[PDB]
Amino acid sequence: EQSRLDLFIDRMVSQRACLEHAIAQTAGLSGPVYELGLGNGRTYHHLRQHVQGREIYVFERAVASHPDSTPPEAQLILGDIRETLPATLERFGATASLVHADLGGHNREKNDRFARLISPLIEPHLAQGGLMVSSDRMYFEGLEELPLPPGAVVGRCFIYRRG
Amino acid sequence: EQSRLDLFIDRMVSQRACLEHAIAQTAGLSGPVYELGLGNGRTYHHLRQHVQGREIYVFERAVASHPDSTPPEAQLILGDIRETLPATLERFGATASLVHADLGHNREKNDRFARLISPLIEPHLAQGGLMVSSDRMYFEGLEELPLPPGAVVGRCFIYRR
Ligand SMILES: C[S@@+](CC[C@H](N)C(=O)[O-])C[C@H]1O[C@@H](n2cnc3c(N)ncnc32)[C@H](O)[C@@H]1O
Ligand code: NI
Ligand code: NI
């Protein structure tokens, strides 16, 4: 049995491990990193520190980030990702190197329904060799699930790749 | 070079390690556990899974936690702690086994607040009672204990009556 504190710690530790791994594994790609969900902005802040030589675009419906974790307007894609993902695909095509999602709220069942719904909206964005890291199990057609790196906790984050 | 994600992992890992150790060290005491600040209720949810044979009272200004991490009405002490700690002292006396606080990252404000609440908290502790905090505290007669394995020095603190 795990508390909500144990789960939150395991989530953050897994994000850090999975994102650092995913950045390294995609360092030969030059397309952007997509951050789905800004929130307080901790993973965005982490990405800004660890991503070199790629842009980071942030998808968010309402910006309320800690001030030092706020994306510049040019890299903010504002609105509901159910509309903005398809709009962005027309703009940038299948060029993303890394897509990170931490879109979940407090209700795990709602989170899983949303993961199901958004999976086919995310999949077309990835370049060949691109990775997708999520704090929800995803429902992709073509992306292969990868084994987790050291430090990650099974069931907290999931990693997928466009082969 | 630590990011905000690195810092918050260290905060939460240290809080958990300190709290679990503190709960165990005070498991022989029958007086209640006081949680100062509910917030989203993750820490309260943790306390519920680990504290045995004692009540948990939560001090909060206004409840904003999901139902799954909200204490029962009877264990919620609502209002500004400058008032509610002294009011609680008249009600329950120096019987608390464990008092826990996370402050929330600005050095000077936190420190002034730690100085403000230290003398409010101190009289509540029963003999053998512990106080666990995210920030350095300023007690008259409580001794600082070593950190347990897993806690990051400077990110959490433990004191004892
Ligand atoms: C858990 S918070 C993100 C926390 C972040 N990863 C961090 O480390 O601080 C989830 C965020 O996703 C956003 N979000 C959820 N559904 C969305 C949607 N359909 N479109 C755009 N943003 C959404 C929320 O508004 C919220 O800011
Ligand atoms: Ni299908
Ligand atoms: Ni399918």
Side-chain angles (χ1 to χ4, degrees), chain A residues 4-5 7-10 12-20 22-23 33-51 56-71 75-89 98-107 109-125 132-145 152-153 156-160 162, chain B residues 2-13 39-42 64-66 69 104-105:
Chain A
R4 299 183 53 232
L5 182 55
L7 291 166
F8 180 60
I9 287 169
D10 284 354
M12 285 190 298
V13 167
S14 302
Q15 288 170 329
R16 172 172 70 184
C18 288
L19 290 172
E20 287 180 16
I23 292 161
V33 176
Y34 292 170
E35 170 74 348
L36 307 184
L38 180 59
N40 183 269
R42 298 190 177 86
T43 49
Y44 174 62
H45 192 267
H46 200 77
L47 290 171
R48 293 186 51 99
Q49 186 165 315
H50 288 263
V51 172
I56 304 159
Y57 291 82
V58 175
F59 293 69
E60 174 57 65
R61 68 193 156 190
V63 169
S65 42
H66 191 248
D68 65 7
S69 310
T70 306
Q75 276 78 54
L76 174 63
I77 296 169
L78 183 76
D80 192 308
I81 62 173
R82 292 164 299 176
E83 286 77 57
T84 69
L85 280 169
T88 302
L89 193 67
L98 172 56
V99 177
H100 174 235
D102 184 31
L103 293 150
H106 191 102
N107 186 316
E109 297 64 44
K110 290 190 176 174
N111 295 346
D112 172 67
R113 294 189 289 272
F114 191 65
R116 181 185 298 268
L117 184 156
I118 64 178
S119 287
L121 302 182
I122 293 167
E123 187 158 9
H125 289 265
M132 200 281 152
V133 175
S134 189
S135 45
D136 297 295
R137 186 182 300 271
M138 304 301 278
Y139 296 83
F140 293 123
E141 288 288 352
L143 309 182
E144 62 181 320
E145 189 177 358
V153 174
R156 297 282 70 73
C157 292
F158 298 83
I159 307 172
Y160 308 85
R162 186 178 167 190
Chain B
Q2 285 202 297
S3 80
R4 289 186 67 242
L5 188 55
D6 296 315
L7 288 164
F8 209 54
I9 286 162
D10 284 355
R11 179 189 296 261
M12 297 300 101
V13 169
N40 54 211
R42 287 194 185 99
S65 59
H66 184 286
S69 313
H105 69 86

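Any value given below was found using the heavy atoms of this structure, including those in side chains, with hydrogens, waters and symmetry copies removed. In listed order, ligands and their atoms are each counted from 1. Below, chains carry the letters A, B, ... as their sequence lines are ordered, and counting in each starts from 1.
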Distance filter under 4.0 Å to A:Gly104 heavy atoms, resulting ligand 1 atoms: 1 (C)
A:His50 side chain reached by A:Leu19 side chain, heavy atoms, under 4.5 Å: no
Atom 21 (C) of ligand 1: the protein heavy-atom neighbour that sits closest, reported with distance to 0.1 Å: A:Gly79 O, 3.3 Å
A:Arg48 CZ to B:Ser3 OG distance, which is reported to the nearest 0.5 Å: 12.5 Å
Atom 8 (O) of ligand 1: the protein heavy-atom neighbour that sits closest, reported with distance to 0.1 Å: A:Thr43 N, 2.9 Å
Nitrogen or oxygen of A:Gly39 less than 3.5 angstrom from that of ligand 1: yes
Reported CG-to-CD1 distance for the pair A:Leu103 and A:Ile122, which is rounded to 0.5 angstrom: 7.0 Å
Within reach of ligand 1, part of A:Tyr44 (heavy-atom separation under 4.0 Å): neither
Shell of protein N/O/S atoms around the Ni ion (ligand 2), taken as anything under 2.8 Å: A:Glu141 OE2
Basic-acidic side-chain contact under 4.0 Å: A:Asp112, A:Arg137: no
B:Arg4 side chain to A:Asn40 side chain, donor-acceptor N/O pair below 3.5 angstrom: yes
A:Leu85 side chain reached by A:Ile77 side chain, heavy atoms, under 4.5 Å: no
By ring-ring contact (aromatic ring centres under 6.0 Å, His included) - contacts of A:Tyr160 (at least two apart): A:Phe140
Centroid-centroid distance, A:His100 to A:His46, less than 6.0 Å: no
Spacing of B:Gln2 atom CD and B:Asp10 atom CG [to the nearest 0.5 Å]: 5.0 Å
Contact check: A:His100 vs ligand 1, nitrogen or oxygen atoms, below 3.5 angstrom: no
Short N or O distance, A:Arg82 and ligand 1, threshold 3.5 Å exclusive: no
Ligand 1 atoms in contact with A:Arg42 (distance to a heavy atom under 4.0 Å): 7 (C), 8 (O), 9 (O)
Short N or O distance, A:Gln15 and ligand 1, threshold 3.5 Å exclusive: no
Shortest protein contact, atom 22 (N) of ligand 1 (heavy atom only): A:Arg61 N, 3.5 Å
Residue, atom name and distance, where the atom is the protein heavy atom closest to atom 20 (N) of ligand 1: A:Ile81 N, 3.0 Å
Residue, atom name and distance, where the atom is the protein heavy atom closest to atom 10 (C) of ligand 1: A:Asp102 O, 3.2 Å
Any N or O of A:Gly41 closer than 3.5 Å to N or O of ligand 1: yes
A:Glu20 CD to A:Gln49 CD distance, which is reported to the nearest 0.5 Å: 8.5 Å
Distance, nearest 0.5 Å, that separates CG of A:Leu121 from OG1 of A:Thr88: 11.0 Å
Heavy atom of the protein closest to atom 5 (C) of ligand 1 (residue, atom name, distance): A:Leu38 O, 3.4 Å
Residue part near ligand 1, for A:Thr84, under 4.0 Å between non-hydrogen atoms: neither
Which residue and heavy atom of the protein sit nearest atom 12 (O) of ligand 1, plus the separation: A:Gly37 CA, 3.3 Å
A:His106 and B:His66 aromatic ring geometry - parallel, tilted or perpendicular at 30°/60° bounds: parallel
Shortest protein contact, atom 26 (C) of ligand 1 (heavy atom only): A:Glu60 OE1, 3.5 Å
Heavy-atom donor-acceptor pair, A:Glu35 side chain to A:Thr43 backbone, under 3.5 Å: no
Point-to-point distance, once rounded to the nearest 0.5 Å, from CD of A:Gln15 to CG of B:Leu5: 6.0 Å
